[PDB]
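These notes concern the structure reproduced below.
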Amino acid sequence: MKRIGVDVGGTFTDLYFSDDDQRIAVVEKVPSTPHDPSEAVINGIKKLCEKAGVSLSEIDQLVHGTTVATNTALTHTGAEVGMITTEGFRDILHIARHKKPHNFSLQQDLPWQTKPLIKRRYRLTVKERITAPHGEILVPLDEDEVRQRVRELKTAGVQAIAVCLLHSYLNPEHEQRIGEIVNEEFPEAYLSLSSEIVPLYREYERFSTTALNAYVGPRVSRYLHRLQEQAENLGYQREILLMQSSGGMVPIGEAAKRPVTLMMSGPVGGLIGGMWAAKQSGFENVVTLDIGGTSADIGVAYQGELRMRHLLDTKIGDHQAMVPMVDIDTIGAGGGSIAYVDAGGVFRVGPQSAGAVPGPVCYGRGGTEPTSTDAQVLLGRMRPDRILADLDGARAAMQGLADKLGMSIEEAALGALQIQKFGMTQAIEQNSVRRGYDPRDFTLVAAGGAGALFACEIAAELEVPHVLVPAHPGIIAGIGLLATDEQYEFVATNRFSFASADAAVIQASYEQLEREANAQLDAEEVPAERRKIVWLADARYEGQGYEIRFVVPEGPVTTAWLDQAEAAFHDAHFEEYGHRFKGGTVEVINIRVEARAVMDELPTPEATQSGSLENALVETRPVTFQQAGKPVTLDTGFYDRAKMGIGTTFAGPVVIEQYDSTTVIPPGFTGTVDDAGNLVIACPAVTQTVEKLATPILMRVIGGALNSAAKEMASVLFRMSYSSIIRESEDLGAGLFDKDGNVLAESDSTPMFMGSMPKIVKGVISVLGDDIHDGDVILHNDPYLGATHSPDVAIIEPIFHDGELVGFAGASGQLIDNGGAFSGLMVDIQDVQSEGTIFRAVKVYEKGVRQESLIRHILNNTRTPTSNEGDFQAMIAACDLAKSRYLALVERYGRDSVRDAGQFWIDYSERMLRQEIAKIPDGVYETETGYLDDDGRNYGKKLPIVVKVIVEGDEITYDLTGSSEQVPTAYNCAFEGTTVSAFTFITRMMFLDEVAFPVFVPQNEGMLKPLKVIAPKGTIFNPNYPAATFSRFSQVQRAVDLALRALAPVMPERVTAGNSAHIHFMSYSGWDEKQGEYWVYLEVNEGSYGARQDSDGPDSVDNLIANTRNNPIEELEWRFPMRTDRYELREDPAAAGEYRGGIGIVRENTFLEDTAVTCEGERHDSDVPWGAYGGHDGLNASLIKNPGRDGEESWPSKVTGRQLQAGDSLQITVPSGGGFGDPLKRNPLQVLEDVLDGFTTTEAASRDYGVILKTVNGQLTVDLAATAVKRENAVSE
Amino acid sequence: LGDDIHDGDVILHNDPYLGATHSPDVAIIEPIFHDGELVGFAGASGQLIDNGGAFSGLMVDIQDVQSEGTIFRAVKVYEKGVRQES
Ligand SMILES: O=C1CCNC(=O)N1
Ligand SMILES: [Ca+2]
Ligand SMILES: [Ca+2]
């Protein structure tokens, strides 16, 4: 009946108050206090109630939109957290998924390791185990140990404790018992059980959710309690509600128990508020757009409902989570984006941010670079007398951008805005075109900041005729608080497939969730005559690894209910990707119940006013628009919109100046003001005049579109794939090519497909020739015609327009099995024919007609036919999608324009790489001969690797003379595709780093040109046919690491010390009798990372050429017959230095059935990881069957098909890296942390580093008196 | 195949779990048609020198059937008499 909503953004505080019978809406804002968030809400309420003259005791409900929990996790300003976890897994929050954020960087630090929420000194272990799938107790709980660990945590001074055991979502009795011990021994400690925060599987994501919860728990619990107790003293007798990131109210008590759901809340309110203003006029389909000061938030609401984001995309800053969130696209192109031409002569805006501190110099603030917002001033969209209420400070400041491009005086500003428009529009079209949305039906809605500026421009590109702006864009966040309804989410993990399902267990699971939902609603005193309950489910095809959420019908679960739910899955899949699989089984993973309580809908406030243009017309200043490309200045008036009434539909180019927003209407079109205060502008979609564009803009538009096509085809292929190597390792490549085969656009998904796609398409062109027709689909994997290695299979489709070949679209990924000599992986084999099936430009669809017999023959020759068929379908779908997006610009601009735009980016890439190679002094750079362990067929004999690097001019050559001859195993590297690809990748890493280098250079044909690799025929790096090249990874890893050691004397700042430069690529496989199928698990064990000159080396992460993700343990134990019994950091210290070398992991996998094991190992009995500038050397790996038990065997690095029976375990120990610099110059304040964490021992701290740590007052501290003495007498010895 | 038998068809087969001796022996079957009516089959089979398996020629120490080489499962060589070049 009487409701208020308060939202706190970070500078301003917005308050909205509405009434049903009185029909009064009050708008009020109040300045916010950043140091104390409580003193901004209370004061706000005090200002709201006094103006209207109402009492707080009459409010039915109030909603709060704070963001304190976000700023605590982002700035890492929370509490000391302890962890009681299963013993042997003490390092899970350290490992993460072992994937770096960036694929092509060497100077990047992992945020979860560098600033961890639970430090390693406070992570403790308890001996017990609970096993899937039923939840039996394998190891009994010891009662003395748990109490001792709790008391240790209490003595240290731990404020919050996060209990995180494996499989606690299955049965939580161990965590419950631990909690009941904790509360009685440590009453004043925040406690979080992982089972009660998110009872779902995936242990890293669940423990990270729990650890974030426990990290921000003590802070926001205090803030919420203070807010509730202070509001009650004012007179508020009810309970306060809190807005979550999924859309929904939740009371204070439950909000203090799950703070993790409050983080990143407030962009969601904008989308819901936009839906509210859109449904007044009558449009159900909405596209909301908010351009703020730094970023742009985009939200697409089809028919008027929210869209939940993908699991992989759910992350708070850098840490993952499993909290439900609304899919909102954040784009860097906002108010703070700098416009510049780089050294390669290319126009780009962003992603470097200017900030609000410098500001535009025309307003009189002080700046030194051209900004996105300063471009709006030049054209006249923003008045130069708005904030205040030099003039040429903007025109003359862009001289360093205008004349340097060949632009006109006034057209420079237009370019900077059009580039942002297109960047946002292809972001939208990525998530609009494949979804199957007709843009004419939709409506664009603006928001606060600068949202209405790009409204008609973007709608023209999308072809959207309706543009709507709400009555007050500056409060849409507050209004969207009140539009949503109080709902509770209760979830469970309940894995079933529709093939073998029971309509009684499912009903009981949903009834359990319903029981707890009704019990939650009983405590809030809500009548039973208004409780609406909706059921949902997360499902996926069998073989995939991520789910889609969709609404299932109302209960009870009957026989027809199953059919309706299975149909709803296909409807929700088709709507997200745009493809329909021809087979496969659907399985539900998680179930959800939302118990909504619709109390009353928010009515539109109908108020009427009177006015005209003549009331507030102040003056007329010149304003510049785009007239068919040319800049023509024209007259423009200014007046406030708070003076006109309803039906004041007037024409003329005018600029509306509201207190919070701006609305500028294009000339020649009128804007209708409806009764509700909204405006509907008749924006043009199809017009009769062709406009002009400058040279810098046209290249970026087509290039960005080809780029977006590459990344869109990548995401479709990898999200829909059945293969785990394509899905988790991201071992794929995709992009668009021209007639000659030169790549124009590439997905950049993995370093393993660097420059290898052009070789694939050129290899196809050279074997087919003119035998290229329309509707053709081509398979290719030949490693002597450009492929990386046999298991990666590529699909190419010709592109035709009016019977003329214009290009190609291509996608490639690694299958699980290709029908080779061993399941999965292989080392000890004869030649290339032993590797499996080779495809040599085999065409899949002749003239568009599917050759059923050819598809069937291919699918009969693999051990995993269901997975392989799924991967073929996903690759064909991504190529179809890219062909569509290419023909779109062929029709839009022209065939010659598309060919020319593709040629421009090749020479941009080449120019940028050559400028960097030319700066290194010319010469010949050498190093020590590296060694590899035996080939595999004959143990003992080492294999040398010599890398010499020659630099002459703007060209670089890698000479591998002196490397070994061909070995008769698969332990060789393909020259074009692997050797050239790896040295192209290390060149890009060395000179074009993602972190240090300012701009991101796309992967085209121009990167492949400025380097050459000379490797004599008949070596391991350039073998003669028919040598097998299946196992290629470790050789090129060591080769590029030796290339780093060779160039270390001249380039220290862009290299690293001795990396592990290895892989332990494992294949565990067996035959499942019940399913009648092979089960294959392919594991990529991460290595470690040698130190750098400026920062230490991250432990436990995929190194150099690899950037894979691990499979979660709980998913593995549900899917395969195994049990990971240990996964942590190795015990011995790794390597000393000024910056420490990285530590490897020791993973102990035990097995429950007879399994076969193949390993691609390296660095067991051979050369140690090196160090630099006097840094120590790392350690070699090992492979031991049954550590500390009966049957220990010291396995070599590379094995092929060794058997394990049952109860056997493999202890895989991976190498540790080397250090960089002399250990005697390390910081004294850091070795203290290293000893307590367990990185290095106390006895070996005086020798290598030379720091004396003495125990004083119980605690260990660094003494600055005896440290300087020891450093003197440590050089001579 | 069943009723998926047309004139001018040529069929390749070597599956040892569907009647073959062992993988290296590959068979060719051709349907015989008279007045649009199936009347019989003609068939020939022999051992190739190499079938693209794990080792050249012969093999003993290998994993399973998929490591023996290529499996043909009633593959049509000539659909309706026209040669499938690809
Ligand atoms: O997953 C991976 C890592 C090693 N090599 C490869 O081809 N894929
Ligand atoms: Ca691969
Ligand atoms: Ca024979």
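Ligands are counted one by one from 1 in listed order, and the atoms in each one are counted from 1 as well. FYI, side chains are in, hydrogens and waters are out, and symmetry mates aren't considered; it's all heavy atoms of this structure. Proteins get letters first, then strands, A, B, ... in listed order; numbering begins at 1 in each.
- In terms of protein heavy-atom proximity, atom 1 (O) of ligand 1 is nearest to A:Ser729 OG, 3.5 Å.
- Here A:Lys99 does not pair with A:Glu1086 in a salt bridge; the nearest charged N to carboxylate O distance is not below 4.0 Å.
- Of all protein heavy atoms, the one lying nearest to atom 6 (C) of ligand 1 is A:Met752 SD, 3.4 Å.
- Closest N/O/S atom of A:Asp731 to the Ca ion (ligand 2): OD2.
- Here A:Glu1083 has no heavy atoms under 4.0 Å from ligand 1, in either its backbone or its side chain.
- For the pair A:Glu1005 and A:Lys762, the salt-bridge criterion is met [side-chain N within less than 4.0 Å of a carboxylate O].
- For ligand 1, the atoms closer than 4.0 angstrom to any heavy atom of A:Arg1032 are 7 (O).
- Not one N/O/S atom of B:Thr21, from backbone or side chain, sits under 3.0 Å from the Ca ion (ligand 3).
- In terms of polar-atom proximity, defined here as any N/O pair under 3.5 Å, A:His789 does make such a contact with ligand 1.
- Residue contacts with ligand 1, taken as heavy atom pairs separated by less than 4.0 Å, involve A:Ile1063 solely via side-chain atoms from C-beta onward.
- Within a 6.0 Å radius of CG in B:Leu18, more than 12 heavy atoms belonging to other residues, nucleotides or ligands are found.
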(message) Would A:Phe1151 and A:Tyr1068 count as a ring-ring contact (aromatic ring centres under 6.0 Å, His included) here? Give the steps.
(response) CA-CA 10 Å; A:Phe1151 300 104; A:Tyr1068 314 101; 5.1 Å; yes
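- Closest to atom 7 (O) of ligand 1, if we only count protein heavy atoms, is A:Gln814 OE1, 3.0 Å.
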(message) Is there a ring-ring contact (aromatic ring centres under 6.0 Å, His included) between A:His1064 and A:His1164? Walk through the geometry before answering.
(response) CA-CA 11 Å; A:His1064 268 96; A:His1164 287 199; 5.1 Å; yes
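- Taking the charged nitrogens against the carboxylate oxygens, A:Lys1198 and A:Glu1160 have no contact shorter than 4.0 Å, which rules out a salt bridge.
- Using a 4.0 Å cut-off between charged nitrogen and carboxylate oxygen, A:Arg97 and A:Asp1102 do not count as a salt-bridge pair.
- Around the Ca ion (ligand 3), the angle linking B:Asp25 (OD2) with B:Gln47 (OE1) is 130°, rounded to 10 degrees.
- Looking only at heavy atoms of the protein, atom 8 (N) of ligand 1 is closest to A:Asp731 OD2, 3.3 Å.
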